[PDB]
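Student: My structure is below; once you've seen it, I'll send some questions.
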Amino acid sequence: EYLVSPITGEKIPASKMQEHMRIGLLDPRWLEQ
Amino acid sequence: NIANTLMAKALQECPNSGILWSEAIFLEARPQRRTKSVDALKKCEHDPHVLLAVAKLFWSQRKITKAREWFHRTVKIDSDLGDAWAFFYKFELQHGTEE
Amino acid sequence: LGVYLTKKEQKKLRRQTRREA
Amino acid sequence: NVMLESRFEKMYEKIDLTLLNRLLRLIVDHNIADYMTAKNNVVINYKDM
Amino acid sequence: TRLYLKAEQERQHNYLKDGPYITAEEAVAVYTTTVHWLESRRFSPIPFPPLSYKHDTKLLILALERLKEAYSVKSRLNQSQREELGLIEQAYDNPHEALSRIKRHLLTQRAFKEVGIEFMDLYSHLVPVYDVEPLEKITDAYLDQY
Amino acid sequence: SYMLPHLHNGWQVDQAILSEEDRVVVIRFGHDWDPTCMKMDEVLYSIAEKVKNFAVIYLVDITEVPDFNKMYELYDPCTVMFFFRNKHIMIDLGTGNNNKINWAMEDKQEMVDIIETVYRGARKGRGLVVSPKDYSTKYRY
Amino acid sequence: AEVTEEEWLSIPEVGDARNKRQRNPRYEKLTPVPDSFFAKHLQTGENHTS
Amino acid sequence: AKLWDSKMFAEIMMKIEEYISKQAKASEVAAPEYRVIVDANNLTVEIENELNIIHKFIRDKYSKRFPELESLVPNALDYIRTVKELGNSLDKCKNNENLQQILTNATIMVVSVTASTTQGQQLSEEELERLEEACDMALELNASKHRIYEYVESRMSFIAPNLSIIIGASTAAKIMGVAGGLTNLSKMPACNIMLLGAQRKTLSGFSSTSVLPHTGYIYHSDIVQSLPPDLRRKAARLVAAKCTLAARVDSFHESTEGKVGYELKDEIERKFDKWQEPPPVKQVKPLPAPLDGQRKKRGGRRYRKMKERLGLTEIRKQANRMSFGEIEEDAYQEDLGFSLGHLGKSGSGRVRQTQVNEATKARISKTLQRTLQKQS
Amino acid sequence: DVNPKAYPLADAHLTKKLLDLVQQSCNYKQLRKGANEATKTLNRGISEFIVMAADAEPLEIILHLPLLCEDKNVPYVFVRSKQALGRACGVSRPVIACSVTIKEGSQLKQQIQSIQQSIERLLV
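Chains A, B, C, D, E, F, G, H and I, in that order, are what the protein sequence lines are.
If you want the authors' numbering, it's the position in the first sequence, counting the first as 1, plus 408.
If you want the authors' numbering, it's the position in the second sequence, counting the first as 1, plus 793.
If you want the authors' numbering, it's the position in the third sequence, counting the first as 1, plus 435.
If you want the authors' numbering, it's the position in the fourth sequence, counting the first as 1, plus 973.
If you want the authors' numbering, it's the position in the fifth sequence, counting the first as 1, plus 779.
If you want the authors' numbering, it's the position in the sixth sequence, counting the first as 1, plus 1.
If you want the authors' numbering, it's the position in the seventh sequence, counting the first as 1, plus 149.
With the authors' numbering applied, the eighth sequence covers 52 to 80, 86 to 432.
If you want the authors' numbering, it's the position in the ninth sequence, counting the first as 1, plus 4.
Next up, the structure:
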C-alpha cells in the first residue's frame, strides 16, 4: 500500500506514514541541543 | 427493541415533534440515562407536555421539590393541556405533606 | 492517495519554513 | 468568692467536622455551612509532604 | 515542623480509622442544648447572600481592603504576591462578576486546592501559618465579613 | 569529606593550584577525621556540584603533606585557602586573620557566598576581597 | 556477606522526584509594589470636617 | 400493597431461577446453559426495578415519622435497613451495634443528631404492617440478588472469559448485572462504565474529595486498589477502557480462551508498572558563574515597557525623599518606620497632589486569567 | 480484504470524498472522534453517520457500532486503514471510529446528505 507524503509529495509505504510524519518534520534546531 | 427502533426512527423524523419527544424519555429511555434524554427533549424550546415529561422524570427520581416546581411550570400556559392539571392534582394528593 | 496532516504539524511546518527563511 | 481562669485545651484540634457542620446549619443555611466544613477539610502541604 | 507534621499525620490517620471520637450521645446532648438556646433567643437563621444585596459591595470592599492590608506595607513582591494583588484589584474593578463568582463558589464548590503550611517560631511554641489559594482567599474573606 | 578529591604529596597541591586558570581553588587543609574539619567537609560536599562553574575543591591532610605548615601557618585544626591563577586570594573577615577561614561553619549558603565573592574580586584582579558577612561575633544573642 | 557479586552490579541509581519547574525554577522577578498603595495610604489619612 | 402483589410474579420467577441454579449445581457436576444466565440476568434486572419502587414506597410512607433521613442515607438498601431498625421511636440509636454494620460512624452521628430534632410524628399500627412488610421483602429481594450474584460470578468464567479476568468475576458480575446485560454495556462508553454503581454518597460536612466523588464499581475493584491513592483515578480510567474493550469482544463471543483478555491485562500491567517506575537520574546543574563587565542588549517596545514598569513613578520617587529636620506623626501605627516622606508633606513638592500612575497597576498572569475564563 | 467481517466496506473511490467530508467537518467543528464518542452521539440521536476502520485487529471492539446504527437508522461505512482515518479526522493518532453530528443551517448539509445516500445504496 502506497500513500503520498504531505510534505515531499513522494510515494511512501502506508505502514511508515505515521512515524514518517513524526520524523520528517524533525525540528532542525533540535539537533544541536 | 422493535419499539426502541421505532422510537428512534420517529425522533429522526421531525424531531421538533412535542409528543414524540415528551414520550421518548419516559417510555423508551431507561431510568438510567433518562436525564440525558430529558435534556435532549428540553433542547427543543417548545414544551407541549414536554415540561410534563420533565416533571414525570423528576417525580420518578423522587425529587419532591423539583417535581412540584416542574408541575407548576407544566400547569402554566406552556403545557396548558388538561393532562398537566390532572398530573398536578395527583401529585399534590400524593405529596408527602398533602397540605 | 495522500493524507491530511493535522493543524499541529501545520503550525510546526509553517514555523520551520519561516525560521528556515 | 472563687475564680477560675483556664482555657479549652486543644480546642481547635478537637473539632469534629461533621458535628461542626451540624452546629453550623443551625445559624446559617446548609450550603454555607457545607462550604465551611469542606474548606476545613483540605490537604496541608509543607515543603515536601 | 517535620516532627509536628509527622505527629499530625499520625493523629489524622488515627481519626480516619477510629472514626469520630465524639459519641452520638454527647453529640445529641450538645446539639439539643444549642437548639434549645437558639430557640430561646428567638434567633432567625442567617440567610444566604442574595443576588440583590444592598451591602453586597460594602462587604466585598472591606474584604478586599483586609486582604490588601497584608501588602499595604511592602516594597518588593514575589510572583504569587503580584498575582494576589492583581486579583484584588481586578475584583475591585469588576465587583459584580467577582461577587457572582463568590456566590457560585459558596453554592457549588466543595473541592479545594492544597493550602500550604509553615511555622513562625516564638521560641516558646510554634504558631502555624497557613497560605490559602489567592482566589479562594477573596471568597473566604467576603464570607467572613458577611 | 571522603567524597571530595584528595591530595597526597606536596607536588599535587601545587599542581592543582597551577592546573586551573578560570575558577577558584578552595583547599581545605587539615585532618578529615577532626570533628572541626568534618563539620565543614560536609558543607564543602553539599556545594561542590553547585560551584563547579567557578570553584574546584581539593582536600589536603597536613600530616600527609607536611610542606605548607610553616609557610601558611597550618596549626589551627581546620584551614580554608582560596587560590586564583596561582595567587593566594586574601579575604577580609571579621576575625583578625585575613588569609584563611580557620573555623568550620554550618550554613551551605554562606560558603557559596564567600566563594562567589572571591571569584568576583579575583576576576577584577584584586588580592584582598571583602566578605559580605562580618565575623567579629557569632550573631547568637 | 551473602549478597551475590551480580546483585551489587544490579543496584539502581536513585534519581530526583521533583520536576524541572520545581528543581530549577526560572529566576523569580521581584517587582515593586504598585504605586496605588502610596496614594491609598495618604488617602486614608485625610479626614472630613463635619 | 400493589408493589407486594407485583413482586409475586417476580417471586415465582425467582423461585424458578433458584430451581434452575440448584439444578445447575447438579447438572454441571434444548434449554442450554447460557440461557439460564440470560434469563437470570433479566430476572435480577426486574427485581432491581421492583426494589426501586418499593424503596420509593418506603420513603413515602416513612416520611411522616422522619422526613430528613432519606437526604442523609442515600443508598436504597441502607435506607430500608435503617428504617427497619430505627422504628417509630428513635431512641434506639445510642450505642446501637446493627446501625454500625449499615452506616458510617459519621453518618450514624448525623442521623442521630437529626433524630434529636425531628418534626415527624409517630406512626400508627397500620403503618407498621406496611413498612415492615416492605422491608422484609426488600431484604428477601437483596438475598435473591446475591444468590443469583454468586451464580453469575461462577459462570462468567464461561459467559465472559475476557472481562472476568481483567477485573475478576465478582466485580464483573457487579458491573454486568447493573448495566442491564453484556449486550447493554457493550453499547456503553467506557466513561459511563466507570460510573456503574457510582453511589451519590452524601458528603458528611467533608471535602467532596474525601468521600470519593464519581467513583464506580471499577474504582472499587481489586486491581485498581492495589495502586497508590493518587494513581487510582488515572488507573480507573485505563482499566475501565480496557474493560469495555474486553466487553465488546465478549458480547460477540470471540477469543473465548482469553487471548484478547490476556493481551489487555498485559497492557494494563505495563501501564501500571510504567506509572510506578521510579524517577530517572536528574543532573544538578551548577550555579551560573558571576557575570563579566558588559553585554550588548536589545531595545524596543518590549524594553520600553520594561522601563515603564520598573521606572520611578513620580509618586514613588516623591516618597523616597524624606525631608530634613521635620518631625512627622508616625503614620501606620501597626508598623512605624513607614513614612511617606515628601509624599503629602507640607515641606516641599508640587502644589497639586501627585497623580497616580497607570503603568504600575497590578496585573494578573495570562495562564491565571485563562483559569478565570474556564472557571466561569 | 484483510477482514471478511466488513459489510459496508467502501473502495478507494468514495473514500476520498469521505475523508474530504471528515476534514471539512473538522474545520467546522462537526465531528466526534473515537469509538466512545461515536457511541455517545448514536445514543443521543444526533449522529448522522459514523465511519470506522477495518484495521482494528479485534474488530468486535467496534462491531457494536453498525448494530447501534441499525437500531437508530444511521448510515455506517468502513475504510481500509485506521491511520488515514485518524490523520484525516485532525489528529495524528490512529482512530478506528469517528462520528459526524448535526448543525442547524450547516453548509455541509448537501454533502453529508450525498454521503448518506451513497452509503445507503452500497449495503448489498
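The beta carbon of each residue, even a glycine, is placed where N, CA and C say it ideally should be.
Using a Cβ-Cβ distance under 9 Å, would D:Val1015 count as near chain H?
Tutor: yes
Student: Which term fits E:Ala870, buried or exposed, when burial requires 16 or more other beta carbons within 10 angstroms of its beta carbon?
Tutor: buried
Student: Quick one: grab the DSSP three-state call for B:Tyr882.
Tutor: It is helical.
Student: Using a Cβ distance threshold of 8 Å, determine whether the segment 80-88 of chain F contacts the segment 24-43 of chain F, with at least three qualifying pairs required.
Tutor: yes
Student: So the candidates are F:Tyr136, F:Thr138, F:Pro133 and F:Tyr120; which of them puts its Cα closest to the Cα of H:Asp348?
Tutor: The shortest CA-to-CA distance from H:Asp348 to any of F:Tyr136, F:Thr138, F:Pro133 and F:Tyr120 is the one to F:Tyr120.
Student: Which partner residues of E:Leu905 appear in the DSSP bridge assignment?
Tutor: E:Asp900
Student: Are H:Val101 and H:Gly253 close, meaning C-beta to C-beta below 9 Å?
Tutor: no
Student: Going along the chain, which unbroken runs of the alpha helix (DSSP H) with 4 or more residues stay wholly within the segment 189-233 of chain H?
Tutor: The segment 189-233 of chain H contains these whole alpha helix (DSSP H) runs: 219-222.
Student: Any beta carbon from chain H within less than 9 Å of I:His17's own beta carbon?
Tutor: no
Student: For E:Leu864 and H:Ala418, what's the separation of their Cα atoms in angstroms?
Tutor: Between the C-alpha atoms of E:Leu864 and H:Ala418 there is a straight-line separation of about 6 Å.
Student: Going by DSSP, which residues form a beta bridge with I:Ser103?
Tutor: I:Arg36 and I:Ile54
Student: Considering only the alpha carbon of each residue, which of I:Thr45, I:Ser51, I:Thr43 and I:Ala10 lies closest to I:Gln117?
Tutor: I:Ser51
Student: Excluding the 5 residues flanking H:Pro217 on each side, which residues of the same chain have their C-beta closer than 6 Å to its C-beta?
Tutor: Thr312 and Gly314
Student: Is the CB-CB distance between I:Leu35 and I:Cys93 below 9 Å?
Tutor: One thing to note: I:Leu35 has its Cβ within 9 Å of the Cβ of I:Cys93.
Student: Which residues bound the alpha helix (DSSP H) around E:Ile840?
Tutor: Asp835 to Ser851
Student: Identify every run of the beta strand (DSSP E) within the segment 307-378 of chain H, keeping only runs that are complete inside it and at least 3 residues long; order them along the chain.
Tutor: none
Student: Please list, in chain order, the chain C residues whose beta carbon lies closer than 9 Å to that of I:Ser96.
Tutor: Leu440, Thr441, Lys443 and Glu444
Student: B:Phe819 and B:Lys849 look like a contact to me (Cβ under 8 Å); what is the Cβ gap, rounded to whole Å?
Tutor: 5 Å
Student: Interface residues of chain H around I:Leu72 at Cβ under 9 Å?
Tutor: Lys243
Student: So, is the C-beta of C:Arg454 closer than 9 Å to a C-beta in chain A?
Tutor: The Cβ of C:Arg454 sits closer than 9 Å to at least one Cβ of chain A.
Student: Using Cβ-Cβ distances below 7 Å, what residues of the segment 25-50 of chain I are close to chain C?
Tutor: Residues passing the 7 Å Cβ filter: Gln27.
Student: Would H:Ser220 and E:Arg889 qualify as a contact pair, given that the criterion is a beta-carbon distance under 9 Å?
Tutor: no
Student: Find the nearest neighbour of H:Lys327 within the set H:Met244, H:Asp306 and H:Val295, judged by alpha-carbon distance.
Tutor: H:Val295
Student: Please check if any C-beta of chain H sits within less than 9 Å of the C-beta of F:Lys51.
Tutor: At a cut-off of 9 Å between beta-carbon atoms, F:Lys51 makes contact with chain H.
Student: I'd like the span of the beta strand (DSSP E) that includes A:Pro421, first residue to last.
Tutor: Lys419 to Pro421
Student: So, does the CB of H:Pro269 fall closer than 9 Å to a CB anywhere in chain E?
Tutor: yes
Student: Could you check whether the Cβ of E:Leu886 sits closer than 9 Å to any Cβ belonging to chain D?
Tutor: yes
Student: List the residues of chain E whose Cβ lies closer than 7 Å to the Cβ of H:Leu424, in chain order.
Tutor: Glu862
Student: Tell whether a beta-carbon distance below 9 Å holds between H:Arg256 and H:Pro130.
Tutor: Here H:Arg256 is near H:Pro130, since their CB atoms are less than 9 Å apart.
Student: Would you kindly work out how many angstroms separate the C-alpha atoms of H:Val407 and G:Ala188, rounded to a whole number?
Tutor: 16 Å
Student: For H:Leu283, which residues of its own chain have a beta-carbon under 7 Å away from its beta-carbon, when the five flanking residues on both sides are left out?
Tutor: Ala291 and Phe328
Student: By Cβ distance, which residues of its chain are closer than 7 Å to H:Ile109, with the 5 residues on each side in sequence left out?
Tutor: Counting only Cβ-Cβ distances below 7 Å, and skipping sequence neighbours, we find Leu54.
Student: Quick check: what's the CA-CA separation for E:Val807 versus D:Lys1012?
Tutor: In a straight line, the C-alpha of E:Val807 is about 24 Å away from that of D:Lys1012.
Student: Taking only three categories from DSSP, how would you classify F:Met72?
Tutor: If DSSP states are grouped into helix, strand and coil, F:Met72 belongs with the helices.
Student: In or out: H:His270 buried (at least 16 other Cβ within 10 Å) or exposed?
Tutor: exposed
Student: Does C:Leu448 have its Cβ less than 9 Å from a Cβ in chain I?
Tutor: Proximity of C:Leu448 to chain I, defined by a Cβ-Cβ separation below 9 Å, is not satisfied.
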